[PDB]
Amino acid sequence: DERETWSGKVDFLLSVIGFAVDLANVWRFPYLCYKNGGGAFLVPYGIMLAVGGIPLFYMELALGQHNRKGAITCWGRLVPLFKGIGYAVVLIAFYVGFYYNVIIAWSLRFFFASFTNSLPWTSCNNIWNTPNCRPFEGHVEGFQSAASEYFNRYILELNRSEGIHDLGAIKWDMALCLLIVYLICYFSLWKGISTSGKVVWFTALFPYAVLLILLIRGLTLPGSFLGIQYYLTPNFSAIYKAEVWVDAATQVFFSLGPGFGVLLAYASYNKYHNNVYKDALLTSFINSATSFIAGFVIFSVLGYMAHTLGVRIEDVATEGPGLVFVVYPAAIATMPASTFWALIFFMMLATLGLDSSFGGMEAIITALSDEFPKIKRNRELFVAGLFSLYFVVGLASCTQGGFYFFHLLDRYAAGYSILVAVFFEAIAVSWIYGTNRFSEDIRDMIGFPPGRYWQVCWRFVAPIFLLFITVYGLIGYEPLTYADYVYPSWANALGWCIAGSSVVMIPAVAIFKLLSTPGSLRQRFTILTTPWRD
């Protein structure tokens, strides 16, 4: 037959970089270095990257290029008994689309909010403020910074929600920003990679320009070198601790995207004899290199705050959305030409998420187009049907309690659910399908087989690597809370529906296909353990 292919090699490389490089490279990696002995954290981060992360990254990329199909068909064409893996992964990515784009909407709201010479989040004398407002971050819960109250009491209006039961009014300024996000995602994804592979040129490259600028602005700041000290001063007392190796393992596995069917779908439009092994190493490196660079951008500024603004580094060295929507903007408002750093900062955050949202959506579309040609012949219709569902339900995230809705999905939509999914991917490839066939498949593509190193990592390391994460992920479990709020019992179990909603397709479709193929049980396993190419 004939399947569409990238109009250029860079279009693919940028689509994969744009997917892999997002906010977690900015608001989590530097925190982990800071939290876990500085430069010493690079040791377990690098080991977990070379034995768990990149082996899984390389697998899906190779596996997607070789089978020329999306996530559902590929795993059906590989281990038919485990076609449910594809099903599981497709709607994990479907769930994530309900909260991830909320971050891009916030980034655009702060962008539109920065069109002035007096950035609003710098003062404590506005209508949205409390008597307990501080000019900069402290370490007492009831006394919040001027930037934290702007984000919480004006942008979010989160003070008006008693919990997830009380979502309250829809913020149509937010609802509008969210629509602009899905509009961009539409006119970039409706015509396929012909146009998608070109938008990533901007969304994946623009952040590097901003990083470059902010890197120079940060290092030229007084106190910049003090932040770099807090960032990278090594302390190997941590390497002996297990919770560090978990942070490294978990960040590695999540900063890269393996198993989400995104890389699968992306590599599926590669040429069969493309050197995907060269592509995996290059793209992996750039993802980690970007986090390492972004660390300087953040901590040069974080030191300037602790040096010239009189704050304790522990109070501003934070992670998650608080770092990009509260902490870093506060420092900008002190700098001259403040208005300039804001606009590029929030555009960087937007472009950092957009190209990741692209891959998640494309993983869904591609997977479904390769299984239901009715929607393959009607792409522009399917995406509008998809994105409108995303927008309508997305209005809940634009309510006054939308964060409680956001935090709920961020915990359950893809946390354990993807770990178990990739666990079977690794088992299906290395054990059911076979490293022999897999290596033989790769040789035919790139001309040489994988080294014994990669084969050992796919067969033993990656499973325990994922197991290592899933075990300790369950040990440190505690019910869902945000600030002084404790989610009700029913909301907790709701996230378990969402988690198991995907994973259940793995044993379900196994059962449904075991009961649909005729023969004896070993006669049925053998019919469901032989690939389509055979």
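Sequential numbering from 1, following the sequence displayed.
**Student:** Averaging the C-alpha B factors as listed in the entry, name the stretch that ends up higher: 372-380 or 153-161.
**Tutor:** It is 372-380.
**Student:** Highest mean C-alpha temperature factor of the two stretches 238-246 and 282-290, which is it?
**Tutor:** Between 282-290 and 238-246, it is 238-246.
**Student:** Looking at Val456, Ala330, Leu323, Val210, which has the biggest Cα B factor in the entry?
**Tutor:** Result of the comparison over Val456, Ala330, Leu323, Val210: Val456.
**Student:** Would the CA B-factor of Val16 place it in the lowest, middle or highest third of its chain?
**Tutor:** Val16: CA B-factor falls in the lowest third of its chain.
**Student:** Where does the C-alpha B-factor of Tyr99 rank in its chain, lowest, middle or highest third?
**Tutor:** Its C-alpha B-factor, which the entry lists for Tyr99, ranks in the middle third among residues of this chain.
**Student:** Ranking every modelled residue in this chain by its Cα temperature factor as given in the entry, which third contains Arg28?
**Tutor:** It falls in the bottom third of the chain.
**Student:** Could you say whether, by C-alpha temperature factor, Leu56 belongs to the lowest, middle or highest third of its chain?
**Tutor:** Lowest third of the chain for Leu56's C-alpha B-factor.
**Student:** C-alpha B factor of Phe112, ranked within the chain: lowest, middle or highest third?
**Tutor:** It belongs to the middle third of the chain when residues are ordered by C-alpha B-factor.
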